[PDB]
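Novice: One structure follows; several queries about it will come next.
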Amino acid sequence: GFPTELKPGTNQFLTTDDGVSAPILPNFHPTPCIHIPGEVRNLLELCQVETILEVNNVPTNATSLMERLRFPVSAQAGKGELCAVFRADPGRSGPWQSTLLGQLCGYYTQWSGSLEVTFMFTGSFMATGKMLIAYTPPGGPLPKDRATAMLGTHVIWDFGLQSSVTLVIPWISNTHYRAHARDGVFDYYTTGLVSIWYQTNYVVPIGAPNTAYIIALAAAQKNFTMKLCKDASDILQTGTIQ
Amino acid sequence: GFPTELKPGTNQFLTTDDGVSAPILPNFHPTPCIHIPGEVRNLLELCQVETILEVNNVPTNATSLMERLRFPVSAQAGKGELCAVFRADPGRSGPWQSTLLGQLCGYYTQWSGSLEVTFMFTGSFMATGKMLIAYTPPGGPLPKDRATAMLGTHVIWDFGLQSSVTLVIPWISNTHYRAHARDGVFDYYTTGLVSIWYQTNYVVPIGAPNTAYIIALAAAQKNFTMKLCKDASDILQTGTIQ
Amino acid sequence: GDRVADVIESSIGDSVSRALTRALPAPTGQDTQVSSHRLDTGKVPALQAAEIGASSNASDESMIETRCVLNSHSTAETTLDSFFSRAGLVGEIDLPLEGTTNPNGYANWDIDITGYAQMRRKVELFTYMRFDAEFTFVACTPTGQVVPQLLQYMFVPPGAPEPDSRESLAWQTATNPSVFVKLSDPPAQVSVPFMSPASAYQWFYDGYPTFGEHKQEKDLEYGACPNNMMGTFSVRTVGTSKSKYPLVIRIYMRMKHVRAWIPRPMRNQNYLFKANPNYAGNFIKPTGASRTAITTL
Amino acid sequence: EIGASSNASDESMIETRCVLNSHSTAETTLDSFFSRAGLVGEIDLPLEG
Amino acid sequence: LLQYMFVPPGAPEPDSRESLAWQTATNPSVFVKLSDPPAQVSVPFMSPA
Amino acid sequence: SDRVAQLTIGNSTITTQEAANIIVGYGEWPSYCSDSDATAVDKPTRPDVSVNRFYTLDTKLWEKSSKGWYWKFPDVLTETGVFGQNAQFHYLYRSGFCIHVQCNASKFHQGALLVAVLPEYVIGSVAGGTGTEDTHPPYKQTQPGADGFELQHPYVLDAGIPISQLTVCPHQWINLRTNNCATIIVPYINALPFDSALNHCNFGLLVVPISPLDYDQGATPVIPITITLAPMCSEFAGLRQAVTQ
Amino acid sequence: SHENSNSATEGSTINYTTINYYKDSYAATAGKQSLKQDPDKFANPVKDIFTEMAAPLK
Amino acid sequence: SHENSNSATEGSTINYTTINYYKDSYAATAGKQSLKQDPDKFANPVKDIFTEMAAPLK
């Protein structure tokens with residue numbers, strides 16, 4: 001080679017650098033490519049899969065770890081009383097990142113867009129109900145009654161023949177990133193809420209049990225994007241493989 | 001790579017050199033370019049902005065730091081007596097580099113050209129005046145009277161309806177740089193002067209207060225050029241950020 | 001169908017930021033030459049007054065004439081935007097063997113331009129910016145000599161936990177690549193691109209970067225954002241061979257890919273914290289020294 | 001799933017809005033570039049042990 | 001362990017080992033060390049005349 | 001001859017026929033705002049011309065010992081009127097403006113005012129005045145309301161801002177030679193596309209008398225200056241119920 | 001440039017050439033690749049396809 | 001030279017090619033750029049434009 005003088009870029013412990021690598025065995029032919037499922041080009045492609053979501057797994061006992069599907073159904077008062085509420089953010093630790101979409105979001109910092117949700121039903125023929133599915137974008141305190149649902153734009157829902165209820169939450173996000181701070185009393189940054197309501201009662205005819213509890217479903221659309229991965233935060237290992 | 005022998009140009013502590021740099025994260029897309037004002041290609045483009053200039057801020061008290069606009073107006077003798085004079089050079093420390101154009105010139109060594117100046121007026125309807133705006137290129141001592149103004153080419157000025165008085169000083173500069181020396185008794189290198197004169201008096205009718213003081217204005221044209229930046233000379237910091 | 005025309009008042013043709021004015025491009029331009037005194041009309045653009053550009057109803061120069069000047073200067077390469085960097089002292093740090101300021105053996109410093117206001121205020125003259133940066137760490141002895149020790153540099157990406165021990169998990173930093181450097185190799189030279197969460201770095205910004213109601217408790221986040229920042233850097237000695245000499249580092253700063261906006265004028269006072277509008281009001285002094293008279297020095 | 005309207009109206013009471021896109025997804029893949037900082041491991045070869 | 005600092009014209013002449021002239025903000029840095037080949041610096045023509 | 005305005009609402013109004021002309025901005029085309037880059041993807045709307053009209057907010061006096069005043073934008077009307085409630089219950093806002101300040105002086109009066117609109121200005125607050133002792137400024141200087149607030153030091157603008165170097169912003173003069181009223185034009189500029197109306201502060205006005213007020217004894221001591229504003233073609237995004245959180 | 005390669009990995013849409021500092025050839029930049037996605041079968045496993053005009057369900 | 005780039009910064013008046021010692025592509029010389037300035041709106045905010053022959057003011 002032709003001689004030149006020294007320049008920075010060597011004699012340094014490097015990890016991020018992608019350098020050319022020298023193989024050891026020339027002209028090797030491994031097994032050829034075979035058509036098998038499960039290949040993924042990008043996680044965003046995976047984001048459009050039906051994803052079971054269980055919100056109110058409040059009990060914290062092992063014997064309850066068999067029936068976490070439950071959400072409260074009983075002899076309700078049937079006067080617009082609240083069933084359950086849950087904020088819009090899917091990127092916070094808990095049963096929210098329990099979903100694979102949420103599990104992937106838990107490693108990320110930024111987010112662009114929202115999700116799509118639905119909920120199933122398992123009543124009998126004559127058995128029906130009249131619930132209320134409502135979303136509120138961030139900017140308000142806890143809802144009170146039907147009037148707060150009136151303030152919130154959503155889609156009216158009813159248990160008819162069809163069980164599913166497609167609730168799409170558009171890209172309600174003005175900023176793509178925020179000023180850097182640390183955890184504390186900075187909870188002022190609200191993210192939204194979803195509220196579930198009864199109207200008449202859990203209605204079944206005589207001779208039918210008064211219990212019917214189901215789990216929720218959610219997924220992501222093309223609009224949402226999710227990247228800027230962070231390192232692992234919670235993993236359990238008492239020993240390391242030697 | 002192909003081997004050659006050693007050449008100078010490495011193993012040296014370098015600061016001026018511009019070397020190729022290795023990024024850490026491949027394929028990153030930040031926010032796209034957004035149209036916002038304030039972009040500057042060159043300071044010379046900025047040099048053509050109206051620039052407020054206050055010359056005779058002689059008082060040095062904090063309570064005077066509220067009324068630095070003043071220039072002397074009173075019951076003048078009105079016999080060609082001098083109002084104020086000020087030399088042409090804008091690149092010397094003081095209230096001259098106080099202007100942004102002057103502030104930028106204070107960091108520079110060379111200069112090619114001069115500036116353009118004007119002055120405003122705030123009298124009432126019947127109130128008027130008759131002043132004298134005069135420039136003298138370098139080469140003479142302090143002016144004495146109207147005869148010295150006669151020696152100096154300038155434009156006659158009068159307070160009519162129009163308040164502004166556009167005085168343009170062309171590229172009166174034979175040399176682009178001078179022999180290198182240090183500060184001392186070398187003040188022989190004159191740079192010019194500007195003189196302000198009264199003719200009749202500060203004239204107002206009865207029932208009108210006898211005070212009207214205004215601030216000056218100046219800017220730069222395409223002809224002037226300014227570069228060869230020097231490092232900071234005056235900055236106040238009792239502590240450094242840790 | 002098409003019956004009412006209430007909405008047709010709109011002005012489709014969207015180009016730039018919201019306004020209501022309108023203009024139009026032109027194919028070519030205009031030129032002008034110079035001449036001498038003459039009393040004529042129609043074509044007389046010879047002289048130019050930046051605001052008026054004509055002669056008032058009271059003559060300005062009826063008594064004498066003017067002259068002309070020729071140009072011989074070039075302005076092609078006079079731009080400073082990126083090349084305005086010159087010589088200047090920057091700063092240094094130390095990692096001694098035995099000391100009290102470093103009881104842990106490692107030094108973790110928060111990466112930012114807020115290093116030393118003395119020269120940063122020169123660059124801090126703007127608010128909204130997009131640039132590239134460079135960090136250079138040069139190692140030597142506190143005395144000023146060179147000793148063959150064993151040192152290496154670990155990078156701390158933003159979001160990683162701040163190490164509290166010489167054996168913290170932050171050393172693994174799985175997503176961080178590795179740089180192959182050693183004291184024999186030339187000193188550190190690392191490029192830093194623009195990873196601001198917003199379009200530009202926030203210094204002159206009045207807001208609340210944390211959600212929730214604003215109270216006296218949440219006021220320290222002005223300037224020092226715990227998470228919005230681009231991370232820190234941690235330095236220590238790795239390996240069974242521990243160094244037997246104390247060491248010092250000098251940190252060199254350089255900026256590339258200039259793109260600026262929002263001109264903000266010069267500061268003649270001093271701060272006490274990061275981006276603190278507070279000033280020494282009791283000792284305010286003008287940007288320049290004046291004289292008892294302007295006529296004579 | 002449905003892509004239509006049921007025989008019982010879903011949104012007969014209010015209307016909706018629209019959103020515009022300004023985001024790029026060309027280089028957001030992680031498959032190979034998902035590597036970042038993290039401690040990995042070490043071993044020792046002492047003289048006497 | 002040695003290194004070379006350059007003094008551009010117009011900078012104050014250092015009067016101490018800790019003068020401000022060491023920062024020389026507008027002066028670039030050369031990466032040299034005693035192991036590296038000795039100093040070799042080009043000087044163009046910056047005469048005022 | 002496009003310096004006209006047709007204005008009538010409430011019970012009174014102010015229009016001009018031979019005023020001091022207008023100031024043009026950027027030589028540009030009309031347009032709406034970017035829509036395909038928000039966090040959500042829902043369709044936008046267009047509130048149109050429902051409520052945009054001029055009500056004066058204050059008639060600021062100018063006196064012998066004027067020290068300076070200013071305002072907070074758009075905090076002036078964020079709390080009052082149907083626009084106030086709309087801004088309170090709606091998260092994203094954007095519109096153009098046509099600032100028209102009424103400033104007249106009589107034959108007797110002489111003087112000038114230094115009215116400067118300063119965008120993006122991080123406000124220089126009192127911050128304890130001295131600021132050396134950690135006694136944080138109360139909320140009575142963060143949300144003053146319709147009264148504005150009094151600036152402390154003119155030639156530093158409470159932040160070290162020397163006066164002669166304010167020339168960057170659109171600069172105006174108030175003189176009986178110059179203007180019977182002043183016009184200011186500013187579009188919507190922000191370093192970030194979307195923000196709330198309660199957390200972020202965009203900018204504010206600034207007024208400091210460039211010349212001291214003077215008059216021979218026997219005339220009016222103070223000079224009122226009127227200000228009103230009405231955003232043109234206002235559009236609000238983040239449409240939601242009347243919910244603050 | 002009288003040299004060929006011994007690789008059998010396919011799936012390129014544009015012809016391109018490579019140069020390596022080693023004696024091998026494929027160790028250089030792999031080239032630019034597009035993005036492709038087709039989730040139709042994942043969520044829509046329907047065999048009975050109607051015409052575009054007709055509704056899917058009875 | 002079968003290789004493309006992943007950059008979206010525009011504003012070039014002449015086509016040009018780049019070669020880098022690293023695996024990336026845009027780290028080489030950025031190219032030569034001209035100088036442009038337009039201060040018209042800064043000092044001349046006039047909406048009422050007369051013809052070239054007529055005077056601007058009455």
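Residues are referred to by chain and number: the chain letter is A, B, ... according to the order shown in the structure tokens, the number counts from 1 in that chain, and ligands are numbered separately from 1 in the order shown.
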Kindly assemble as a Markdown table a list of the chain H residues that lie within 12 Å of chain A, each paired with its nearest atom pair and their distance in Å to one decimal, using only C-alpha atoms, sorted first by chain and then by ascending residue number.
Specialist:
| residue | atom | partner | partner_atom | distance |
| --- | --- | --- | --- | --- |
| H:21 | CA | A:9 | CA | 11.2 |
| H:22 | CA | A:19 | CA | 8.6 |
| H:23 | CA | A:18 | CA | 7.8 |
| H:24 | CA | A:18 | CA | 10.0 |
Novice: Could you name the residues that touch stretch 19-21 of chain E at 9 Å or less, counting only C-alpha atoms, but leaving out those on the same chain fewer than 5 positions away, as an MDAnalysis selection string?
Specialist: (chainID C and resid 87:89) or (chainID E and resid 7 11:14)
Novice: Using only C-alpha atoms, please write the residues we just selected to a file, as an mmCIF file, in the first residue's frame.
Specialist:
data_model
loop_
_atom_site.group_PDB
_atom_site.id
_atom_site.type_symbol
_atom_site.label_atom_id
_atom_site.label_comp_id
_atom_site.auth_asym_id
_atom_site.auth_seq_id
_atom_site.Cartn_x
_atom_site.Cartn_y
_atom_site.Cartn_z
ATOM 1 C CA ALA C 87 -8.487 28.808 18.372
ATOM 2 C CA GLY C 88 -9.650 28.934 21.975
ATOM 3 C CA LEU C 89 -9.252 27.102 25.279
ATOM 4 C CA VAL E 7 -1.306 30.810 18.475
ATOM 5 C CA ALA E 11 -4.722 36.430 20.385
ATOM 6 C CA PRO E 12 -3.263 37.703 23.671
ATOM 7 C CA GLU E 13 0.255 36.568 24.493
ATOM 8 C CA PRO E 14 0.162 34.096 27.413
#
Novice: Write out as CSV the residues of chain E that have any atom within 10 Å of an atom of chain A, one row each with the nearest atom pair and its distance in Å to one decimal, counting only C-alpha atoms, sorted by chain and then rising number.
Specialist:
residue,atom,partner,partner_atom,distance
E:30,CA,A:7,CA,9.9
E:31,CA,A:8,CA,7.6
E:32,CA,A:6,CA,8.7
E:36,CA,A:6,CA,7.6
E:37,CA,A:5,CA,8.3
Novice: I'd like the neighbourhood of residue D:30 as an mmCIF file with N, CA, C and O atoms, in the first residue's frame, where a residue qualifies if any of its atoms comes within 10 Å (using only C-alpha atoms), though same-chain residues fewer than 5 positions away should be ignored.
Specialist:
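Contents of part34.cif, freshly written:
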data_model
loop_
_atom_site.group_PDB
_atom_site.id
_atom_site.type_symbol
_atom_site.label_atom_id
_atom_site.label_comp_id
_atom_site.auth_asym_id
_atom_site.auth_seq_id
_atom_site.Cartn_x
_atom_site.Cartn_y
_atom_site.Cartn_z
ATOM 1 N N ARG A 41 -40.513 -9.073 8.482
ATOM 2 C CA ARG A 41 -39.685 -7.972 8.001
ATOM 3 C C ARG A 41 -39.635 -6.831 9.010
ATOM 4 O O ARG A 41 -38.585 -6.205 9.193
ATOM 5 N N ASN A 42 -40.757 -6.550 9.670
ATOM 6 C CA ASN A 42 -40.862 -5.412 10.573
ATOM 7 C C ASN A 42 -41.953 -5.688 11.595
ATOM 8 O O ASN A 42 -42.955 -6.342 11.290
ATOM 9 N N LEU A 43 -41.754 -5.171 12.810
ATOM 10 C CA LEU A 43 -42.745 -5.378 13.861
ATOM 11 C C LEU A 43 -44.053 -4.667 13.546
ATOM 12 O O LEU A 43 -45.114 -5.094 14.014
ATOM 13 N N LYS A 227 -40.681 2.923 17.622
ATOM 14 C CA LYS A 227 -39.256 2.651 17.456
ATOM 15 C C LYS A 227 -38.509 3.302 18.620
ATOM 16 O O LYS A 227 -39.110 3.615 19.654
ATOM 17 N N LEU A 228 -37.198 3.499 18.450
ATOM 18 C CA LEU A 228 -36.314 4.055 19.477
ATOM 19 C C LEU A 228 -36.267 3.134 20.700
ATOM 20 O O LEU A 228 -36.654 3.489 21.815
ATOM 21 N N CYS A 229 -35.777 1.925 20.441
ATOM 22 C CA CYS A 229 -35.771 0.882 21.456
ATOM 23 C C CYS A 229 -34.847 1.234 22.614
ATOM 24 O O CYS A 229 -33.770 1.807 22.427
ATOM 25 N N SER D 35 -29.378 -3.440 17.702
ATOM 26 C CA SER D 35 -28.323 -3.612 18.698
ATOM 27 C C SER D 35 -27.996 -2.246 19.292
ATOM 28 O O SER D 35 -27.857 -1.259 18.567
#
Novice: What's the 6 Å shell around stretch 117-120 of chain A, counting only C-alpha atoms, without same-chain residues fewer than 5 positions away, as a ChimeraX atom specification?
Specialist: /A:163-167,216-218
Novice: Those selected residues, please, written with N, CA and C atoms and delivered as a PDB file, in the first residue's frame.
Specialist:
ATOM      1  N   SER A 163     -71.449  -9.172  18.378  1.00  0.00           N
ATOM      2  CA  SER A 163     -70.755  -8.994  19.647  1.00  0.00           C
ATOM      3  C   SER A 163     -69.629  -7.969  19.582  1.00  0.00           C
ATOM      4  N   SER A 164     -68.894  -7.917  18.474  1.00  0.00           N
ATOM      5  CA  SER A 164     -67.734  -7.042  18.385  1.00  0.00           C
ATOM      6  C   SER A 164     -68.151  -5.578  18.305  1.00  0.00           C
ATOM      7  N   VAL A 165     -67.283  -4.709  18.816  1.00  0.00           N
ATOM      8  CA  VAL A 165     -67.491  -3.266  18.757  1.00  0.00           C
ATOM      9  C   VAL A 165     -66.166  -2.594  18.414  1.00  0.00           C
ATOM     10  N   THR A 166     -66.021  -2.211  17.150  1.00  0.00           N
ATOM     11  CA  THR A 166     -64.780  -1.639  16.647  1.00  0.00           C
ATOM     12  C   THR A 166     -64.687  -0.163  17.033  1.00  0.00           C
ATOM     13  N   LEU A 167     -63.815   0.138  17.993  1.00  0.00           N
ATOM     14  CA  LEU A 167     -63.536   1.509  18.405  1.00  0.00           C
ATOM     15  C   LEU A 167     -62.134   1.872  17.934  1.00  0.00           C
ATOM     16  N   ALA A 216     -61.084  -8.370  26.539  1.00  0.00           N
ATOM     17  CA  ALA A 216     -61.068  -7.372  25.481  1.00  0.00           C
ATOM     18  C   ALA A 216     -60.076  -7.750  24.383  1.00  0.00           C
ATOM     19  N   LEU A 217     -60.109  -6.985  23.292  1.00  0.00           N
ATOM     20  CA  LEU A 217     -59.208  -7.189  22.170  1.00  0.00           C
ATOM     21  C   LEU A 217     -58.731  -5.837  21.664  1.00  0.00           C
ATOM     22  N   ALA A 218     -57.523  -5.820  21.107  1.00  0.00           N
ATOM     23  CA  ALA A 218     -56.940  -4.595  20.581  1.00  0.00           C
ATOM     24  C   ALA A 218     -55.860  -4.949  19.571  1.00  0.00           C
TER      25      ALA A 218
END
Novice: With a cut-off of 12 Å, could you pull out the residues of chain F touching chain H and give me the nearest pair of atoms for each, distance in Å to one decimal, using only C-alpha atoms, ordered by chain and ascending number, as JSON lines?
Specialist:
{"residue": "F:1", "atom": "CA", "partner": "H:48", "partner_atom": "CA", "distance": 6.7}
{"residue": "F:2", "atom": "CA", "partner": "H:48", "partner_atom": "CA", "distance": 7.5}
{"residue": "F:3", "atom": "CA", "partner": "H:48", "partner_atom": "CA", "distance": 9.3}
{"residue": "F:21", "atom": "CA", "partner": "H:46", "partner_atom": "CA", "distance": 9.1}
{"residue": "F:22", "atom": "CA", "partner": "H:46", "partner_atom": "CA", "distance": 7.7}
{"residue": "F:23", "atom": "CA", "partner": "H:45", "partner_atom": "CA", "distance": 5.2}
{"residue": "F:24", "atom": "CA", "partner": "H:45", "partner_atom": "CA", "distance": 4.4}
{"residue": "F:25", "atom": "CA", "partner": "H:45", "partner_atom": "CA", "distance": 6.4}
{"residue": "F:26", "atom": "CA", "partner": "H:41", "partner_atom": "CA", "distance": 5.6}
{"residue": "F:27", "atom": "CA", "partner": "H:41", "partner_atom": "CA", "distance": 6.7}
{"residue": "F:28", "atom": "CA", "partner": "H:41", "partner_atom": "CA", "distance": 10.1}
{"residue": "F:167", "atom": "CA", "partner": "H:42", "partner_atom": "CA", "distance": 11.5}
{"residue": "F:168", "atom": "CA", "partner": "H:42", "partner_atom": "CA", "distance": 9.8}
{"residue": "F:169", "atom": "CA", "partner": "H:42", "partner_atom": "CA", "distance": 10.0}
{"residue": "F:170", "atom": "CA", "partner": "H:42", "partner_atom": "CA", "distance": 8.7}
{"residue": "F:171", "atom": "CA", "partner": "H:43", "partner_atom": "CA", "distance": 10.6}
{"residue": "F:183", "atom": "CA", "partner": "H:45", "partner_atom": "CA", "distance": 11.7}
{"residue": "F:184", "atom": "CA", "partner": "H:45", "partner_atom": "CA", "distance": 11.3}
{"residue": "F:185", "atom": "CA", "partner": "H:45", "partner_atom": "CA", "distance": 10.5}
Novice: Please return, as a CSV table (one decimal) with N, CA and C atoms, in the first residue's frame, all residues of chain E lying within 6 Å of chain C when only C-alpha atoms are considered.
Specialist:
chain,number,residue,atom,x,y,z
E,1,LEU,N,5.1,12.6,27.1
E,1,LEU,CA,3.8,13.1,26.6
E,1,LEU,C,3.9,14.6,26.3
E,22,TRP,N,-5.0,29.4,25.9
E,22,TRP,CA,-5.0,28.0,25.6
E,22,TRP,C,-6.3,27.6,25.0
E,23,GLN,N,-7.4,28.3,25.3
E,23,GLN,CA,-8.7,27.8,24.7
E,23,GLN,C,-8.8,28.1,23.2
E,24,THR,N,-8.4,29.3,22.8
E,24,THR,CA,-8.2,29.6,21.4
E,24,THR,C,-9.3,29.0,20.5
E,25,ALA,N,-10.6,29.5,20.8
E,25,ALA,CA,-11.8,28.8,20.3
E,25,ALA,C,-11.8,28.6,18.8
E,26,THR,N,-11.3,29.6,18.0
E,26,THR,CA,-11.3,29.5,16.6
E,26,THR,C,-10.1,28.7,16.0
E,27,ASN,N,-9.3,28.2,16.8
E,27,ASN,CA,-8.1,27.5,16.3
E,27,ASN,C,-8.4,26.0,16.3
E,28,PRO,N,-8.3,25.3,15.2
E,28,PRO,CA,-8.5,23.8,15.2
E,28,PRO,C,-7.5,23.1,16.0
Novice: Set the cut-off to 8 Å and count only C-alpha atoms: what are the residues of chain C that reach chain F? Output as a ChimeraX atom specification.
Specialist: /C:11-23,128,198-200,204-208,216,263,265-269,277-282,287
Novice: Skip residue A:180 itself and residues of its chain fewer than 3 positions away, then list as a PyMOL selection string all residues within 7 Å of it, counting only C-alpha atoms.
Specialist: chain C and resi 209+225-229
Novice: Each residue of chain D with at least one atom at most 10 Å from chain G should appear once, together with its nearest atom pair and the corresponding distance in Å (one decimal); atoms considered: only C-alpha atoms; ordering: chain, then increasing residue number; output as a tab-separated table.
Specialist:
residue	atom	partner	partner_atom	distance
D:1	CA	G:43	CA	8.0
D:2	CA	G:56	CA	9.8
D:3	CA	G:56	CA	9.9
D:4	CA	G:55	CA	9.5
D:25	CA	G:35	CA	9.4
D:26	CA	G:35	CA	7.5
D:27	CA	G:35	CA	9.3
D:29	CA	G:35	CA	9.1
Novice: Within 6 Å of chain F, which residues of chain D show up when using only C-alpha atoms, listed as a list in words?
Specialist: residues 17, 18, 19, 20, 21 and 22 of chain D
Novice: Can you tell me, as a PyMOL selection string, what residues are no more than 12 Å from residue H:15 when counting only C-alpha atoms, ignoring any on the same chain fewer than 4 positions away?
Specialist: chain H and resi 10-11+30-32
Novice: May I have the residues from that selection written out with C-alpha atoms, as a PDB file, in the first residue's frame?
Specialist:
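What landed in again28.pdb:
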ATOM      1  CA  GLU H  10     -32.753  18.298  -0.929  1.00  0.00           C
ATOM      2  CA  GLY H  11     -31.635  21.579  -2.467  1.00  0.00           C
ATOM      3  CA  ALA H  30     -20.942  17.857   0.472  1.00  0.00           C
ATOM      4  CA  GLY H  31     -20.228  19.655  -2.817  1.00  0.00           C
ATOM      5  CA  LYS H  32     -20.073  23.261  -3.950  1.00  0.00           C
TER       6      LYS H  32
END
Novice: Would you work out the distance separating atom CA of residue B:66 from atom CA of residue B:54, expressed in Å to one decimal?
Specialist: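 Distance between the two atoms: 13.0 Å.
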Novice: Could you find all residues in stretch 31-187 of chain A that DSSP calls alpha helix (DSSP H) from the backbone, and write them as a PyMOL selection string?
Specialist: chain A and resi 43-46+100-105+146-151
Novice: Give the answer as one residue: which of A:239, A:78, A:152, A:23 has the shortest atom-to-atom distance to residue G:27, using only C-alpha atoms?
Specialist: A:23
Novice: Show me, as a ChimeraX atom specification, every residue of chain D with an atom at most 8 Å from chain C, counting only C-alpha atoms.
Specialist: /D:34-41,44
Novice: Would you kindly report the residues of chain D within 8 Å of chain B, using only C-alpha atoms, as a PyMOL selection string?
Specialist: chain D and resi 24+27-28+33
Novice: Measure the distance from atom CA of residue A:79 to atom CA of residue F:241 in Å and round it to one decimal.
Specialist: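 Computing the Euclidean distance for atom CA of residue A:79 and atom CA of residue F:241 yields 22.1 Å.
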Novice: Between C:235, C:56, C:9, C:210, which one has atoms that come closest to chain H, using only C-alpha atoms?
Specialist: C:56
